[PDB]
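S.K.: Residue numbers (our numbering), protein chains in the order written: chain E, 124 to 218; chain Y, 2 to 99; chain X, 428 to 467; chain P, 10 to 41; chain V, 215 to 267; chain D, 230 to 380; chain Z, 28 to 96; chain C, 345 to 475; chain R, 130 to 223; chain S, 337 to 446. Here a beta-carbon is modelled for each residue, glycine too, at the ideal position from N, C-alpha and C. Mind having a look at this structure? Questions to follow.
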Amino acid sequence: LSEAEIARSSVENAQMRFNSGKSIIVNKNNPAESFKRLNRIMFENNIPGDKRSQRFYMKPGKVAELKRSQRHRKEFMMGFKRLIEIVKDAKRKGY
Amino acid sequence: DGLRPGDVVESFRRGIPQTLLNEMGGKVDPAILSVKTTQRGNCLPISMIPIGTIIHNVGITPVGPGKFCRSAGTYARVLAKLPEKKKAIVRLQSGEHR
Amino acid sequence: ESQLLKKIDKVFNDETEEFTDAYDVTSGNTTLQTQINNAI
Amino acid sequence: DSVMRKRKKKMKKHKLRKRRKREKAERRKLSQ
Amino acid sequence: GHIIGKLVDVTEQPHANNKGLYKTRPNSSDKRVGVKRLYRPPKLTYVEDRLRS
Amino acid sequence: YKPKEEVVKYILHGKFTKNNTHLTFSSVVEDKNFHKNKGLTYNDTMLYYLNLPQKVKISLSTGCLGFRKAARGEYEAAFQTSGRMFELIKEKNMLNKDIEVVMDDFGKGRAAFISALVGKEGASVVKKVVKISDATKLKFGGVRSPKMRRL
Amino acid sequence: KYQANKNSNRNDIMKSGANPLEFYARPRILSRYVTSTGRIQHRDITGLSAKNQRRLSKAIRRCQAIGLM
Amino acid sequence: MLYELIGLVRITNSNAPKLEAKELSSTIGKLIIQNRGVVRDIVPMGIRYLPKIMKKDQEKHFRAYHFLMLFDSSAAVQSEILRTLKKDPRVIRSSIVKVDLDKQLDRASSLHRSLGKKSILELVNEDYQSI
Amino acid sequence: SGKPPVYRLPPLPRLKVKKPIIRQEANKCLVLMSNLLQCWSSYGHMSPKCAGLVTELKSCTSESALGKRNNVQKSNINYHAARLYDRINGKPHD
Amino acid sequence: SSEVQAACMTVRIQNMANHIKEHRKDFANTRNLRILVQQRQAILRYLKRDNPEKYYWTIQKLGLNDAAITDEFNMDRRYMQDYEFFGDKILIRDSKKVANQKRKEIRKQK
RNA sequence: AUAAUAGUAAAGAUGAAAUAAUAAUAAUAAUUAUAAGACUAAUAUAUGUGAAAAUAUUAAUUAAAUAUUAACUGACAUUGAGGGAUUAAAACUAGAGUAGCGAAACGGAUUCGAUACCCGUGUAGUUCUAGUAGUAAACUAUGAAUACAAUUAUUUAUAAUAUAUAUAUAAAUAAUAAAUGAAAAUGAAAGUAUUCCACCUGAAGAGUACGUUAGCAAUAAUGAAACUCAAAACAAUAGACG
Ligand SMILES: [Mg+2]
Ligand SMILES: [Mg+2]
Ligand SMILES: [Mg+2]
Ligand SMILES: [Mg+2]
Ligand SMILES: [Mg+2]
Ligand SMILES: [Mg+2]
Ligand SMILES: [Mg+2]
Ligand SMILES: [Mg+2]
Ligand SMILES: [Mg+2]
Ligand SMILES: [Mg+2]
Ligand SMILES: [Mg+2]
Ligand SMILES: [Mg+2]
Ligand SMILES: [Mg+2]
Ligand SMILES: [Mg+2]
Ligand SMILES: [Mg+2]
Ligand SMILES: [Mg+2]
Ligand SMILES: [Mg+2]
Ligand SMILES: [Mg+2]
Ligand SMILES: [Mg+2]
Ligand SMILES: [Mg+2]
Ligand SMILES: [Mg+2]
Ligand SMILES: [Mg+2]
Ligand SMILES: [Mg+2]
Ligand SMILES: [Mg+2]
Ligand SMILES: [Mg+2]
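What follows is the structure, encoded as structure tokens:
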């Protein structure tokens with residue numbers, strides 16, 4: 124009927140309202156999968172690689188050159204995957 | 002620095018004037034004192050000056066005149082306020098927090 | 428000013444609906460029917 | 010040009026820079 | 215049976231178009247040359263295909 | 230009215246750099262008499278709950294276990310330190326309340342840490358952990374990190 | 028292997044034709060195109076048109092500016 | 345120029361979240377409506393939480409009452425309305441944004457054109473037809 | 130509708146994979162060990178049930194440590210790629 | 337027609353010259369202003385070559401003379417100095433030219 | 001960086017240690033409070049825009065920019081010596097600021113030596129306002145414009161035939177035919193032609209000396225001759241070497 128009493132019933136809600144997206148609950152039975160998926164979600168955000176690159180400074184020209192090199196490598200690999208798929212299909216079809 | 006003939010300045014050492022006192026509903030309630038609290042030219046007690054403001058003509062005692070940072074181009078910065086001890090830390094142009 | 432007071436009162440009345448956008452509403456036509464009415 | 014003539018020009022520019030650095034006093038004296 | 219190499223002159227159409235504007239001068243399309251269309255292989259189409267689909 | 234503090238949760242922080250490993254154990258403290266007394270508004274109590282005060286209990290690095298100088302950034306030294314934390318937690322027996330494990334940058338001791346945590350030594354401390362997070366911190370803007378290392 | 032994500036395709040209103048920049052005031056709609064920490068997904072993952080993606084990025088960056096994200 | 349502002353008005357009175365939102369809206373609407381300005385639409389987005397704690401006017405606010413205002417005014421008037429909004433401690437975050445009027449004079453708020461309805465006329469027509 | 134576009138490659142000297150991942154199967158004599166270790170950890174070292182797994186290890190180890198190893202094939206995807214790259218690449222005529 | 341073109345870009349010139357006065361630092365806009373002014377010169381030179389009566393009628397209506405259309409104009413910093421586009425000197429004469437002008441200040445009895 | 005709470009004996013760097021900071025408050029690490037300078041994460045391709053230099057945290061004011069149609073005008077166009085404006089980083093002149101990085105300097109390292117590569121402290125600089133100067137591998141090492149020439153694939157924009165995305169036209173990119181080329185290669189051009197501007201005539205001397213011009217200065221522009229020589233240079237081929 125006053126303040127600070129209804130608050131205790133809402134503090135938990137307030138807490139999960141502010142979440143960074145890194146919150147993870149580990150399974151009681153086995154912890155291996157919890158860390159394993161935490162490891163994977165570290166990679167999917169690339170915070171390992173970017174932190175590694177963040178320790179030293181690189182010239183704007185060099186970062187642009189590196190960014191272009193990586194993009195081409197990714198594009199080339201995807202094109203190679205495509206051609207590999209088509210050759211596998213053609214092999215199956217009898218060609 | 003920017004005072005020119007035509008601008009209006011006021012002093013609030015006695016305290017908030019009557020005009021604002023009868024305008025408390027539209028003056029103090031919205032806390033639009035900040036409009037006049039941090040304005041160039043007017044003089045306030047350090048109690049009402051927000052932390053970080055650049056100030057001059059700084060006194061030492063409540064019933065005393067300004068004594069510090071009166072020379073050409075001089076300024077001082079208010080750092081902290083201690084209501085319990087009735088003292089305020091005022092960074093001073095020589096660089097000595099007093 | 429009168430319109431401002433009335434509209435603000437209507438909008439901010441607790442009874443008046445609010446769209447918190449928590450969920451996606453499942454549920455145009457009236458505009459097209461009105462257009463066909465005023466065109467035919 | 011290639012890096013051959015680029016190297017040659019670099020050395021000539023460097024030598025000219027050093028020569029003009031050493032003769033700073035004489036330049037100042039002659040130009041008042 | 216469409217004809218390739220025919221350009222409808224402005225004089226040919228005196229009547230207003232669908233939007234009621236009379237065409238009095240050739241437009242950007244008429245300026246351009248269409249040799250490629252003459253040498254392009256024709257695109258064969260039959261009404262029967264729509265029904266078959 | 231009268232400060233009545235108490236412990237609710239425990240936090241274990243693991244920092245792992247290229248040359249050292251730092252493990253810190255702290256305990257979350259809060260006061261329930263705080264909200265019993267009036268004079269505080271709604272935002273006060275949420276500010277208080279949202280930011281839980283903490284006090285450090287056990288703080289050690291790999292230098293505390295006989296590793297000196299170069300050997301402070303290797304797999305084995307981190308492993309022993311992680312195990313040391315667990316047995317310290319065990320001897321302190323703070324397992325009473327669950328532990329939240331935050332994480333920090335890699336170095337080489339992260340692998341040692343999670344191995345000891347999931348190892349048989351820590352097989353009996355995992356039971357008091359529910360939530361795990363990573364705080365490996367990054368820089369959206371810039372502070373002009375040092376130059377290359379022309380090694 | 029051929030598992031497609033056409034469920035998204037039918038449910039991403041962003042590719043339906045709607046202007047992304049309009050949705051800057053609805054955090055949730057953009058919330059499904061940000062990763063756990065808010066990083067904007069690359070064009071490959073989102074799969075939108077170049078113009079739609081660029082407008083979506085502007086919308087989310089703006090939405091961050093007003094502070095809804 | 346048609347303008348559209350997102351307001352994030354602080355709520356110290358948790359009992360009356362609309363109260364200080366009501367007062368702030370009345371004040372700045374007053375400022376705009378005497379100032380050769382027309383208010384187009386005001387509608388609230390509700391009591392929602394800030395994504396991260398923001399420390400404004402000596403308070404680490406966690407939640408604010410988000411509300412909408414669509415109005416027309418001159419560039420000078422709107423700039424100074426923004427100035428009043430920033431300086432005032434009753435609002436912790438604000439951001440105006442214009443709406444292009446070169447194609448259509450009547451344009452609804454972002455949250456409405458996000459939906460199927462595209463203009464105020466559509467809103468009223470739907471209201472009348474459904475009721 | 131607007132699916133991601135297809136990216137081709139410039140003409141290449143050849144199409145091949147460095148170290149193709151050819152299918153292979155474990156001996157399962159190591160798997161037998163893994164199961165036996167699990168039984169030892171849970172039931173107890175050389176526990177009765179583990180004894181059955183113990184005998185399985187004995188059978189898989191008696192003749193070879195990794196048991197009989199066979200079914201060691203190689204992937205000929207490089208052969209097919211080199212065989213029909215000249216046709217599948219879609220290069221412009223001469 | 338040339339006169340209508342000149343009048344239209346005259347309005348544009350006035351407006352965006354006012355902008356340039358307001359924003360001294362912008363340089364791309366200054367480039368557009370110079371280009372547009374030169375365009376007005378070119379069309380008016382044609383108008384002279386075709387219909388002189390309209391030429392003089394329109395240039396006197398806008399506020400320009402035959403001089404300000406035929407001569408080369410480059411929006412030089414000397415133009416902004418002379419005609420007080422901003423109010424302060426931008427170019428600086430060297431003591432050679434300055435002293436040359438100083439000496440040239442004969443103040444002859446005449 | 002400062003302060004507080006707890007909390008220990010070590011912390012920081014390196015291939016490894018010391019230079020600088022620890023049980024003199026008592027660090028390092030963790031959690032909080034305050035100030036400051038700088039920068040801008042995915043998006044992301046600098047895509048794209050811009051005359052170039054440049055340009056991606058958000059909102060606003062001003063100016064410019066695209067395609068189609070209608071009308072208008074009437075060869076009013078292209079190039080452009082001289083000239084004018086803008087021009088990265090460094091540099092200089094006043095005034096604010098200086099968190100982090102960091103010429104120089106001083107120390108610690110490796111080496112026989114190390115005037116360096118590695119480590120510490122780190123002044124100028126790096127930041128904002130007003131300026132000076134007008135230089136770069138300022139590069140697509142490729143001036144602008146016009147007419148034309150055979151294909152393919154992917155994106156972007158326009159047009160209603162539609163029934164609910166097939167059909168034609170423009171631009172960019174990528175691979176080519178012909179052509180060109182010393183070849184590597186270019187492939188709306190480095191092809192077929194036309195017009196205008198800038199520049200080249202062996203190497204070294206030398207973009208040096210002298211003169212002049214301009215700058216606060218560092219310097220920028222212009223710019224020779226004497227002595228010597230039968231050299232000098234690019235593409236590609238085959239080895240040897242790493
Ligand atoms: Mg050359
Ligand atoms: Mg000289
Ligand atoms: Mg002398
Ligand atoms: Mg190491
Ligand atoms: Mg012209
Ligand atoms: Mg610390
Ligand atoms: Mg970015
Ligand atoms: Mg481009
Ligand atoms: Mg160009
Ligand atoms: Mg004629
Ligand atoms: Mg020209
Ligand atoms: Mg010239
Ligand atoms: Mg740059
Ligand atoms: Mg200075
Ligand atoms: Mg440093
Ligand atoms: Mg150093
Ligand atoms: Mg200049
Ligand atoms: Mg040059
Ligand atoms: Mg050929
Ligand atoms: Mg030729
Ligand atoms: Mg040639
Ligand atoms: Mg020179
Ligand atoms: Mg000889
Ligand atoms: Mg060669
Ligand atoms: Mg060999």
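Would you kindly work out how many angstroms separate the C-alpha atoms of residue 152 of chain R and residue 201 of chain R, rounded to a whole number?
M.R.: Cα to Cα, the separation comes out at about 9 Å.
S.K.: Any heavy atom of ligand 5 closer than 7 Å to the beta-carbon of residue 375 of chain S?
M.R.: Because some heavy atom of ligand 5 lies under 7 Å away, the Cβ of residue 375 of chain S counts as near it: yes.
S.K.: Which value, in whole angstroms, describes the spacing of the CA atoms of residue 339 of chain S and residue 355 of chain S?
M.R.: Cα-Cα distance, rounded: 24 Å.
S.K.: Look at the alpha carbon of residue 33 of chain Z and the alpha carbon of residue 140 of chain R, and state the distance between them as a whole number of angstroms.
M.R.: Cα-Cα distance, rounded: 33 Å.
S.K.: Which chain E residues sit within Cβ distance under 9 Å of residue 406 of chain C?
M.R.: Within 9 Å Cβ-Cβ: 137, 140, 141.
S.K.: Find the residues of chain C that neighbour residue 435 of chain X, judging by a C-beta separation of less than 9 Å, and give them in chain order.
M.R.: Here the neighbours are 366, 369, 370, 373, 386.
S.K.: Closer than 8 Å, Cβ to Cβ, to anything on chain D: give me those residues from the segment 151-162 of chain E, in chain order.
M.R.: Listed in sequence order: 151, 154, 155, 157, 158, 161.
S.K.: Please list the partners that residue 281 of chain D has in chain C, where partner means a Cβ-to-Cβ separation under 9 Å.
M.R.: Within chain C, no residue comes near residue 281 of chain D; the closest Cβ sits about 13 Å away, beyond 9 Å.
S.K.: Exposed or buried, what is residue 302 of chain D when buried is set at 16 or more other beta-carbons lying within 10 Å of its beta-carbon?
M.R.: It is buried - the Cβ of residue 302 of chain D has at least 16 other Cβ atoms within 10 Å.
S.K.: Taking the straight line between their C-alpha atoms, what separation do you get for residue 362 of chain S and residue 403 of chain S?
M.R.: So the alpha carbons of these two residues sit roughly 29 Å apart.
S.K.: How is residue 77 of chain E classed by DSSP in three states: helix, strand or coil?
M.R.: Because residue 77 of chain E is not part of the residues shown, which for chain E are 124 to 218, the question remains open.
S.K.: Leaving aside the five residues before and after residue 21 of chain Y along the sequence, list all residues of the same chain whose C-beta is less than 6 Å from its C-beta, in chain order.
M.R.: If we look at residue 21 of chain Y and ignore the five residues flanking it on each side, its Cβ neighbours are 28.
S.K.: Using a Cβ-Cβ cut-off of 8 Å, state whether residue 448 of chain C counts as contacting chain X.
M.R.: No, residue 448 of chain C does not count as interfacial toward chain X.
S.K.: What would DSSP say about residue 413 of chain C, mapped onto helix, strand or coil?
M.R.: Looking at residue 413 of chain C - three-state DSSP - the assignment turns out to be strand.
S.K.: Would you grab the beta carbon distance between residue 473 of chain C and residue 457 of chain X for me? Rounded to a whole angstrom, and I think it's under 8 Å.
M.R.: Indeed, because the Cβ distance is near 4 Å, the residues count as touching under 8 Å.
S.K.: From which residue to which residue does the beta strand (DSSP E) around residue 283 of chain D run?
M.R.: Residue 283 of chain D -> beta strand (DSSP E) spans 283-290.
S.K.: Chain Z partners of residue 181 of chain R, CB-CB under 9 Å?
M.R.: Those within 9 Å of residue 181 of chain R in chain Z number zero; the least Cβ separation is about 39 Å.
S.K.: Consult DSSP for residue 254 of chain D and reduce its assignment to one of helix, strand or coil.
M.R.: In the structure shown, residue 254 of chain D sits in a strand (DSSP, three-state: E or B).
S.K.: In chain E, which residues lie less than 7 Å from residue 409 of chain C when you measure between Cβ atoms?
M.R.: Within 7 Å Cβ-Cβ: nothing; residue 409 of chain C doesn't reach chain E, min ~15 Å.
S.K.: So what does DSSP say about residue 389 of chain C, is it helix, strand or coil?
M.R.: Looking at residue 389 of chain C - three-state DSSP - the assignment turns out to be strand.
S.K.: Against chain Z, does residue 202 of chain E count as a neighbour if the rule is that its beta carbon must be under 8 Å from one of theirs?
M.R.: So, not an interface residue.
S.K.: I'd like to confirm the pairing. Which residues does DSSP put opposite residue 354 of chain C in its beta bridges?
M.R.: For residue 354 of chain C, which the question treats as bridged, DSSP gives the partners C:408.
S.K.: For the segment 350-370 of chain D against the segment 263-276 of chain D, do three or more pairs of beta-carbon atoms, one drawn from each stretch, fall closer than 8 Å, so that the two count as touching?
M.R.: No, the segment 350-370 of chain D is not in contact with the segment 263-276 of chain D.
S.K.: Is residue 475 of chain C helix, strand or coil when you go by DSSP?
M.R.: Reduced to three states, the DSSP call for residue 475 of chain C is coil.
S.K.: Can you confirm whether residue 74 of chain Z, when its beta carbon is compared against all beta carbons of chain R, has any partner nearer than 8 Å?
M.R.: Judged by the 8 Å Cβ criterion, residue 74 of chain Z is in contact with chain R.
S.K.: To the nearest angstrom, how far is the alpha carbon of residue 176 of chain R from that of residue 155 of chain R?
M.R.: Residue 176 of chain R and residue 155 of chain R: Cα-Cα distance of roughly 26 Å.
S.K.: If distances are taken between C-alpha atoms only, which option among V:227, V:244, V:243, V:259 comes closest to residue 236 of chain V?
M.R.: Nearest of V:227, V:244, V:243, V:259 to residue 236 of chain V, Cα basis: V:227.
S.K.: Which residues does DSSP pair with residue 239 of chain D in a beta bridge?
M.R.: D:256, D:328, per the DSSP bridge assignment.
S.K.: 8 Å is my cut-off, CB to CB: does residue 430 of chain C come that close to chain Y?
M.R.: Not one chain Y Cβ lies under 8 Å of residue 430 of chain C.
S.K.: Under the assumption that residue 131 of chain R contacts residue 42 of chain Z (Cβ atoms under 8 Å), give the Cβ distance between them as a whole number of angstroms.
M.R.: Rounded, the Cβ-Cβ distance is 7 Å, consistent with contact.
S.K.: For the segment 260-275 of chain D, enumerate the residues whose C-beta is nearer than 9 Å to any C-beta of chain C, in chain order.
M.R.: Listed in sequence order: 270, 271, 272, 275.
S.K.: To which residues of the same chain is residue 70 of chain Z closer than 8 Å at the C-beta, ignoring the five residues directly before and after it?
M.R.: Excluding residues within five positions, the ones whose Cβ falls inside 8 Å are 77, 80.
S.K.: Taking the beta strand (DSSP E) that residue 363 of chain D belongs to, which residues open and close that run?
M.R.: Note, residue 363 of chain D: beta strand (DSSP E), 358-363.
S.K.: Measure the alpha-carbon distance for residue 313 of chain D versus residue 130 of chain E and round it to whole angstroms.
M.R.: For residue 313 of chain D and residue 130 of chain E, the distance between alpha carbons rounds to 40 Å.
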